[PDB]
Structure formats: structure tokens, C-alpha cells
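Have a look below at one chain only, the form deposited in one PDB entry, in C-alpha cells format.
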């Protein structure tokens, strides 16, 4: 469960939120593989409800109608084609598995689905699976509304509807089998693992019963006995009967406290400063490193739809975001997931964004293709953070320092810190309102290194800042509080 199953030397996965299968296939070959990315988290590949009010929101993909690989991202052929090509180049695919529920109970019956499948929420009829009233928890839920009303009662959190979404009776072997049938179909196609959506709303024991029916990874690409990588989405920030530690037996879990705390520290909210990050990790109340999937922001909380709230950093906060992602990718704690989003028209009113529902860039509902600009950036309103030099170069930085310990930490008692990873890497941050100028111990061998944040090493030279390391491993760093990117990073592979 716990191993990502990525190729030796690749330590991160990227979430290509709402991308089309064909675009991802191309991305695997032209960028992901050459730049050292380990894998890709894709949006739910199964048939979902088509919602026109509001116009095709991103969240309609979390309301399943069937298990047919047919969505706005593409059909089953294009999906299979994407997995094959990505695997052939060393980049794995992780499927977002929405297995806790089906669509909202209020949705109108008919054929308003991404594949024309018929469904009737009112009578609990989903013929394309098939599921009937006997496969839902309507009789098991005890709340008066039928939905989840209090998260302090772990029982209704699991047996009732999450904001109206019809809740699957996962204790029934029939339902467990229909779900395994779906996941095994994907495993046999070549996927390397799954993100279990709304895992908090499922009993750890029901999840385990389903994972027991799963096949080993495809023997054409993976070594015999390979088990699918499993990370469960559980939002646990304390103060609830449900703890993410209850799911350690099924696989890893999403550590939402990670992004929340990093955001407040980097924003310097209510007393926090970067010097406190010295004991970052479990020392902060986080889950063990070998059970954590970490990230700065997610498709959910980057638009206020998840835990984290106001402190969360996103592409909208470019400068601070790059630093946050940089710290995460440099730090040894957990398995890192990089975000890749699209721009939407944020419309704030009373502190809340009324356009948080807006779906991906599209032409009358047809998702726009991801175009690549001459400078490697993306067009058609795709942000492509994974293509930002500062982020892409930190992904590579993680690969280079994989395995090296945390050493040579430094801080000015405020917001200027630095630390290294064994003798393969070093990073410096200046988040104070004044310039940083000092000679630090880097633990790196003597030589001239290229700063991978400001530039790149291109055939014998640096296109940006250059750092000189002496025999005793010391080097001088200068970062004005006015730099576009107030941090510098160098590693063994950026060495001249």
C-alpha cells in the first residue's frame, strides 16, 4: 500500500487537475519524464453527472453515475492510451477513486451524464453498475435529515450522506465487489495506485475488505507482488472522534495539517516565524512520515472548499507559494504532491469567493487543450505550476537529495533559515523585512554551484546566481528582501 511504486529516483507526483487524457499522455513524454516527475494524479475517470446549473462545475466529477471510463477528460480508449504511454516513459498514474457515494439525492433522474447512462437518484436506481435501493445506507443512517449533521458522532459521519450524496452500503459484499471490479479494471490497465476520496466517511474495516479484493500491479510494467499505492483522503486537524491514525492499516493518509501550518508560518500569522520550522514534521503533531502524503494546497482548499481556510497558499500568492513549495520539496518529511491548476475568475464578496464552482477552461463545456507557449508556460488559462522554473527545479532537487539526512540548520531567531540534505544539497530562505547576507556551512564539496531558483545550469554555466563553496564547505549567500524569489537552492547536479 505504502510504496508509491514510482521509478527509482523520482520522488513526487503532480495533480493535473481536470486535464484531458490526451494532454496528459503528451505531457508524460514531453515534460514529466524528462524532468524527473514520478507520477500523475488524475481526476475521476468514471462517468459522472452533468450539471448545467451552475455550468459544469469542477465538483460534478465527484458525483458518480456509473463506473464507465467516460468523462470530459476522454473515453476508455484515450484513458488506456494515456496509461500505456505514461508507463512506457516511467511516469505512473494514480486514479482519484470516488467510491464512498454516488450523486446527490436531489439530482433529477434522466440521462444527464457524461456518457448518456441513465440514472434515477430518487428511486436509488443506477442500472449501469448496477445499484438499487438495497445498496445504500438510507436505512442505516439515524439523522432526521438523512445527511451528516454532527462530526462529533463518528457513526453518522460514516453512515449518513455527505451533503446529500447518496451513501454506498460498503459493508455489503455485492457493493464491495462492484467497487473492486472497477478498481481491478484500472489496475489491469496499468494504474499504480489510488487516492481514496472521502475516506473519512468510510469505516476503516470496509476499506480494508475492498483492498483485499484488489489485484497486484500489472506484471508487464511492475515487478511481481507489487501492491497498489494507497493514500486516503482524511481531513483530521484535531478535535474530532475520527483520527487519521485509524486508517494506517490500509495505506497512507493526506496530512492536511501540513499545508495549513506552513501557510500560517510563511504568512507570519499570529506570531509564527520560520525559525520554528527547525523541528518541522512529527514534532508538530503530524502523522508519521512514512504514512503521510503532503502538499501545500489541493484542488479542494485552494478555493476554500476544504480544511485549511484562509492560511492556505496557492498560485494566486505566487511569491510566497514558490517559497512554501520550495521548503516542502527540500524537507525530508512525507511523500510530496505538487499542484497544477487553472485560472478561474475569483469574485470576492464578504470575504467569500462566489465563483469557487467554476470548472476548467472550456469551449461550451468542452475542456480546452493544454497549449505550450514558446517559454514552456501554458495557455488556455492553465496555470501549470509544475512548469514554473522554481517549482520544477525543486522537484529535481528532491530527486537529487533523496536519502540524505537533515543537517546544518541555521536561523536568525526570526524568518531567515537554512538547512542542508547530507552533502548533496542546501537551501536558504529570507522571509524577514530586511536583507540577508551571511556565510554559512553548507556541507557541500568545494566548487561553483548554480542557483536553481533564479536560473539553471546550462552546458557549463548558470543563467542566474552562482554560489562559491570553499574547501571547508562554507559559502556566502546574499538575498535582499526585495528579490523576486527570496530563497536560493543548490545541489550536486547544479554543480559546475
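Residue numbers count along the first chain shown, from 1.
Separately, the form deposited with a small molecule bound exists; it is not shown, and the next lines address it.
- 245 is the sole member of 245, 84, 120, 177 with a non-hydrogen atom lying within 4.5 angstroms of the small molecule in the deposited complex.
- Checked against the small molecule in the deposited complex, the residues 288, 405, 116, 241 give one hit for a heavy atom within 4.5 Å, which is 288.
- Just one listed stretch, out of 419 to 427, 216 to 224, 255 to 263, 395 to 403, contacts the small molecule in the deposited complex at the 4.5 Å heavy atom level, and that stretch is 255 to 263.
- The closest non-hydrogen atom of residue 483 lies beyond 4.5 Å of the small molecule in the deposited complex.
- When the small molecule is considered in the deposited complex, residue 236 lines it closely, a heavy atom lying within 4.5 Å.
- Although the partner is absent here, residue 440 sits far enough away that none of its heavy atoms falls within 4.5 Å of the small molecule in the deposited complex.
- Proximity of residue 23 to the small molecule in the deposited complex: non-hydrogen atoms within 4.5 Å are present.
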